[PDB]
Amino acid sequence: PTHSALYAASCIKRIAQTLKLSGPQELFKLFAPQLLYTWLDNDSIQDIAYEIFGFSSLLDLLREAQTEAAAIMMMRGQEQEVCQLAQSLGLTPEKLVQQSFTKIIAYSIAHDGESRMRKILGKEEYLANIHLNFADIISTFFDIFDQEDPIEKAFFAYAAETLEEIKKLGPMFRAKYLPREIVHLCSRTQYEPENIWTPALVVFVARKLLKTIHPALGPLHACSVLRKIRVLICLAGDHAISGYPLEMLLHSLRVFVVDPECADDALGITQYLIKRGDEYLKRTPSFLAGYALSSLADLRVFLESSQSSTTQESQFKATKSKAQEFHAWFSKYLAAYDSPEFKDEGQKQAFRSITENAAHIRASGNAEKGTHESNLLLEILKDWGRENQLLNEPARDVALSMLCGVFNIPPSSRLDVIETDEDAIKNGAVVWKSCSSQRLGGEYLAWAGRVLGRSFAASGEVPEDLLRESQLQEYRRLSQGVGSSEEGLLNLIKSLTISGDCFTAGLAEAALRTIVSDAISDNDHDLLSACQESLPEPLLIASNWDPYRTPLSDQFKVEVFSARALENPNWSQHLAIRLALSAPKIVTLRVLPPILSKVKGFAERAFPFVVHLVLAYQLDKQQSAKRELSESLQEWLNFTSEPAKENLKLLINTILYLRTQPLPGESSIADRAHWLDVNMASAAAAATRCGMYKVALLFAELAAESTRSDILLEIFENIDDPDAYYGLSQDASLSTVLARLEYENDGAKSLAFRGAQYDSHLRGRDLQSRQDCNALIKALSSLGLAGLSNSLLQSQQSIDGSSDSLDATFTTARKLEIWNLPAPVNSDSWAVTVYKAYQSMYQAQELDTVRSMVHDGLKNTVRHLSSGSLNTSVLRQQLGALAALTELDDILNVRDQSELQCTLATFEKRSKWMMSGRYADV
């Protein structure tokens with residue numbers, strides 16, 4: 001490219017539409033270099049097709065193509081055309097050249113015209129711009145250099161041998177330039193062209209290179225970017241093999257090692273780095289444990305997978321052999337590893353076991369006794385629950401997703417890796433923490449169900465992860481050491497460097513670099529004390545622009561105070577950005593919008609810290625955020641909705657968190673009610689809607705203090721205390737005594753009052769009798785009179801009794817042994833699950849069908865426990881269903897008399913626990 005304009009427009013729209021891209025302009029943002037170069041060679045920008053890459057203007061296409069176009073013009077030379085661009089924009093040529101100075105110098109040095117830049121800015125301003133844009137210029141030098149023959153030019157008398165070793169192990173401008181280019185730029189600043197490779201600059205350039213690759217841009221890009229990274233590693237020398245740069249590079253090069261296109265490059269760089277950084281990896285065994293686990297797992301999976309169609313079937317055997325030998329060498333190195341930095345000998349044995357078992361695992365995981373996958377799973381779980389743990393969350397998540405993705409649950413439980421009631425009580429908490437993901441197969445959920453059921457049948461206690469209702473424990477685990485919001489945000493950002501994709505880790509490293517540098521320069525002691533306790537020392541050193549200045553490529557910037565805004569799933573993100581933008585003087589909030597908008601799920605984790613930081617900042621100034629938030633809360637708290645429940649939980653947790661932060665200039669904790677202005681009755685009602693009853697009770701007490709009973713009833717009925725309900729006063733009648741007797745789960749005593757009501761309503765042809773019948777059924781199923789409740793069931797013909805009738809229709813059937821009911825499928829009821837297991841036990845001729853039905857029951861019960869909003873009675877019912885299915889599975893798998901007697905003895909020990917436990921569970 002008349003119709004060709006429109007056809008090309010539609011084609012580009014379809015290309016960027018069916019490639020996970022935003023729109024056609026975001027497809028011009030990736031290719032503007034090449035299009036503009038090849039086109040502006042012999043043409044002028046003013047007559048370009050703004051109809052492809054839908055823009056609706058040329059002054060819209062230019063507000064994005066200033067930099068590339070200007071730099072290319074000044075690369076070849078169109079001074080009058082740069083002036084025409086500038087005129088059209090609105091900015092004179094001089095401030096324009098001041099906007100895109102970096103790319104201009106990158107290309108010009110590459111294409112040799114810098115004197116022509118001196119003749120427009122000056123001879124004391126141009127050098128200031130080179131001082132301001134040094135690292136961005138080096139980054140743009142590594143972008144455009146073409147990999148042709150770098151080792152030839154190297155002999156810079158150390159890059160040659162280093163690149164030779166890393167090759168022995170395993171606009172475009174030629175490589176021959178690269179050294180001299182740097183020199184010519186660095187002979188006009190103070191920093192000498194020889195040695196400019198502090199770790200901040202190294203990580204900067206390396207992250208630039210990685211971010212350059214893209215999923216839509218092809219798997220042939222990656223191997224070129226990798227060659228250039230090898231050049232950077234050989235050139236930087238001793239700063240890219242120690243400290244945080246070492247960790248950072250090992251991560252991404254691992255990701256390039258599992259790429260079947262070329263694992264020849266990345267395996268070599270990885271060998272060189274691991275071999276050369278031995279003196280450092282012996283100081284950080286916690287990093288090496290997780291890296292070894294992740295890398296070994298990925299390698300094993302890549303070894304087993306074998307699908308080569310667009311790869312030369314011999315090229316594949318080559319790379320497979322290379323991978324196998326790297327695995328054998330790495331396993332030897334790990335077996336020989338021994339560090340003085342191990343906390344105890346327990347940690348050393350854990351390291352040995354983890355590495356050794358991971359070296360010999362298969363493609364999937366199992367739970368048998370004595371295999372490698374089961375020993376590795378047990379080691380990961382046992383480590384998870386500890387205080388000084390080796391693996392971090394990303395490494396453990398990788399290993400678990402590799403083992404538990406396709407699982408193999410043993411048929412019996414004598415061959416199981418967890419077979420005693422004691423191991424189950426010990427590992428129940430961690431096994432529940434494990435099955436709170438979504439990448440877990442069905443057989444792993446069945447195994448986790450068996451373990452949780454054995455733990456509850458042996459202890460009768462709920463894992464505490466299921467009982468907590470607020471997030472205050474997370475907020476206190478983050479903001480630890482000093483207990484401030486700055487440490488909380490620093491931990492949240494630091495956790496993104498290790499648990500992110502190239503983009504996210506880049507955003508986090510950039511934010512930390514700006515934060516730590518501004519804390520070092522301005523000598524902020526509070527923020528310094530926050531950093532020294534949130535970041536380990538290698539990351540605290542690689543975040544400091546000591547001999548440089550923070551580059552303009554890092555600091556990149558990017559109604560919600562009203563109702564009905566609480567319902568869109570991005571309320572937290574928009575509100576957090578809106579708040580963080582209102583406090584630019586706090587450096588920790590200035591760098592946030594670039595992370596709050598990109599990273600997913602970060603705004604919900606960081607919302608309380610942001611709100612507290614803003615409110616504490618503008619305490620003595622004009623209090624704007626306080627006024628806005630406290631005016632919006634009057635509408636947000638009175639919000640009954642299903643889509644708005646998950647943001648209401650976050651508002652309540654923010655209020656709770658602010659209650660624990662000391663006001664400056666306070667006499668008592670009774671002044672922490674001035675962070676915001678909450679109406680505590682509305683907050684109590686809201687917390688009752690969300691199912692947080694202890695939080696609701698706390699708010700109700702604060703409200704009553706503010707004063708000196710319709711919400712207290714809903715609180716008391718559901719809170720988990722035997723005696724609390726009786727403290728509530730209400731007007732007396734036979735109906736209220738009946739309500740108390742049905743709460744109390746009394747036997748004949750509620751049967752009397754209910755029979756009276758039921759008769760009086762049948763006689764008067766009242767419509768409440770149905771409800772009465774419902775209640776009666778409940779009562780008669782809490783006594784044990786199953787025949788009477790059965791007869792009360794058949795009579796009722798409108799079976800529309802929320803879920804009380806659903807459960808009552810199958811408890812009775814199981815007790816009377818009526819095995820022909822058609823059981824609903826996908827039901828949240830424990831009675832239905834247990835009934836289906838026993839029914840299948842009745843109508844089956846082989847044990848395999850019964851085992852399959854039991855395992856399906858365990859799997860579904862665990863998924864329902866993971867579903868979330870369950871109060872305590874339903875929770876304990878589901879756990880009791882797990883226990884019942886586990887005992888069923890235990891007696892189905894007996895083979896001789898000795899196991900029968902062992903099962904009986906197990907029943908006796910569990911009786912020991914049962915004698916004093918809660919009565920419903922028992």
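Where a number appears in this text, it was derived from the coordinates with a stated rule and is not lab data. Ideal geometry is used to build each Cβ from the backbone, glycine not excepted, and the neighbour counts take in all protein chains shown.
Among the residues that make up region 174-184, is at least one of them buried (at least 16 other Cβ atoms within 10 Å of the Cβ), of a type outside the set (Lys, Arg) and more than 27 Å from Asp112 (Cβ to Cβ)? No.
Of all the residues in region 609-649, those that are buried (at least 19 other Cβ atoms within 10 Å of the Cβ), touching a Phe, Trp or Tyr at 6+ places or on another chain (Cβ under 8 Å) and farther than 15 Å from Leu663 by Cα number 4.
Every test in (1) surrounded by 14 or more Cβ atoms within 10 Å (Cβ to Cβ); (2) in a loop (DSSP other than H, G, I, E, B) is passed by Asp731 save one, and that test is (1). Flag: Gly488 matches the condition of being under 24 Å from the mean Cα position of the chain (by Cα), within 30 Å of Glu628 (Cα to Cα) and not aliphatic (A, V, I, L, M). Determine, yes or no, whether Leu821 is part of a loop (DSSP other than H, G, I, E, B), over 48 Å from the mean Cα position of the chain (by Cα) and more than 30 Å from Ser434 (Cα to Cα). Answer is no for this residue.
Of all residues in region 834-862, which are loosely packed, with under 15 Cβ neighbours inside 10 Å and either part of a helix (DSSP H, G or I) or small (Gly, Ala, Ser) (or both)?
Hits for region 834-862 are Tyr842, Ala844, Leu847, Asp848, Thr849, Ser852.
Of everything listed in (1) within 31 Å of the chain's Cα centre (by Cα); (2) surrounded by 12 or more Cβ atoms within 10 Å (Cβ to Cβ); (3) of a type outside the set (D, E, K, R); (4) outside any helix (DSSP H, G or I), the single unmet condition for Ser306 is (2). Between a first residue in region 785-803 that is within 18 Å of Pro824 (Cα to Cα) and a second residue that is among the charged types (D, E, K, R) and outside any loop (DSSP other than H, G, I, E, B), which pairs have beta carbons less than 7 Å apart while being 6 or more apart in sequence or on different chains? Matching pairs, first to second residue: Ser798/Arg770. A Cβ distance below 8 Å, combined with a sequence gap of six or more or placement on separate chains, defines the contacts here; from region 849-868, residues that are on the phi < 0 side of the Ramachandran plot reach residues that are among the hydroxyl-bearing types (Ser, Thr, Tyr) in the pairs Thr849/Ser840; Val850/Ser840; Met853/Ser840; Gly857/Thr833; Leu858/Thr886; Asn860/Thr833; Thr861/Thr833; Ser866/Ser436.
Looking only at region 154-167, residues that are closer than 25 Å to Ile213 by Cβ and charged (D, E, K, R) come to 2 in all.
Screening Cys404 against (1) over 23 Å from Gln349 (Cβ atoms); (2) out of contact with any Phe, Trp or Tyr (no Cβ under 7 Å at 6 or more places or on another chain) leaves a single unmet condition, (2). Helices (runs of 4 or more DSSP H) fully within region 358-458 that include at least 3 residues being within 22 Å of the chain's Cα centre (by Cα), of a type in the set (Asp, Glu) and farther than 22 Å from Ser866 by Cα: none found.
Those helices (runs of 4 or more DSSP H) of region 584-699 in which at least 1 residues are of a type outside the set (S, T, N, Q) and in contact with a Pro (Cβ under 6 Å, 6 or more places away or on another chain), considering only elements entirely within it, cover 587-590, 645-658.
Residues in region 708-716: is at least one among the hydroxyl-bearing types (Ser, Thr, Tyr), within 27 Å of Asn745 (Cβ to Cβ) and more than 29 Å from the chain's Cα centre (by Cα)? Yes, there is a match, as at least one residue in region 708-716 is among the hydroxyl-bearing types (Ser, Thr, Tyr), within 27 Å of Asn745 (Cβ to Cβ) and more than 29 Å from the chain's Cα centre (by Cα). Within region 149-193, the residues that satisfy the criterion of being farther than 23 Å from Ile104 by Cα and assigned to a loop (DSSP other than H, G, I, E, B) are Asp149, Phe155, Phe156, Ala157, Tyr158, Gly170. The single condition among (1) surrounded by 16 or more Cβ atoms within 10 Å (Cβ to Cβ); (2) farther than 20 Å from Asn893 by Cβ; (3) not β-branched (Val, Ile, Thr) that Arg439 does not satisfy is (1).
Pick from region 414-436 the residues that are of a type in the set (S, T, N, Q) and buried (at least 20 other Cβ atoms within 10 Å of the Cβ): which of them is farthest from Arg863 (Cα to Cα)? It comes out as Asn427. Per the conditions (1) crowded, with 20+ Cβ neighbours inside 10 Å; (2) under 26 Å from the mean Cα position of the chain (by Cα), the sole criterion not satisfied by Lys211 is (1). Checked against the criterion of being out of contact with any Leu (no Cβ under 6 Å at 6 or more places or on another chain), under 13 Å from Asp889 (Cα atoms), part of a helix (DSSP H, G or I) and not hydroxyl-bearing (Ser, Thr, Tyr), region 825-833 contains not a single residue that satisfies it.
Pairs are defined by a Cβ separation below 9 Å, a sequence spacing of at least 6 or placement on different chains, a first member in region 205-220 that is closer than 17 Å to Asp143 by Cβ, and a second member that is in a helix (DSSP H, G or I) and of a type in the set (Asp, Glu); the pairs so defined are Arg207/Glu509; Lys208/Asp143; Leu209/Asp143; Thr212/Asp143. Could you say whether any residue in region 652-671 is basic (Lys, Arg) and over 27 Å from the mean Cα position of the chain (by Cα)? Looking for residues that are basic (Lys, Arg) and over 27 Å from the mean Cα position of the chain (by Cα), one finds none in region 652-671, hence no. Report, by residue number, each residue of region 338-360 that is acidic (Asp, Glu) and either buried (at least 20 other Cβ atoms within 10 Å of the Cβ) or under 28 Å from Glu325 (Cα atoms) (or both). Correct list: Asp338, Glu356. Here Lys694 fits the description: under 27 Å from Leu566 (Cα atoms) and surrounded by fewer than 19 Cβ atoms within 10 Å (Cβ to Cβ). Number of residues in region 58-92 that are small (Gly, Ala, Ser) and surrounded by fewer than 18 Cβ atoms within 10 Å (Cβ to Cβ) equals 3. Taking each residue of region 605-627 that is over 11 Å from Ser485 (Cα atoms) and looking for partners that are of a type in the set (D, E, K, R) and not in a helix (DSSP H, G or I) with beta-carbon atoms closer than 8 Å, six or more apart or interchain, yields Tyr617/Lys585; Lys626/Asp677. Selection of region 47-57 for residues being surrounded by fewer than 18 Cβ atoms within 10 Å (Cβ to Cβ) and either within 15 Å of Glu81 (Cα to Cα) or basic (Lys, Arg) (or both) yields only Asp47.
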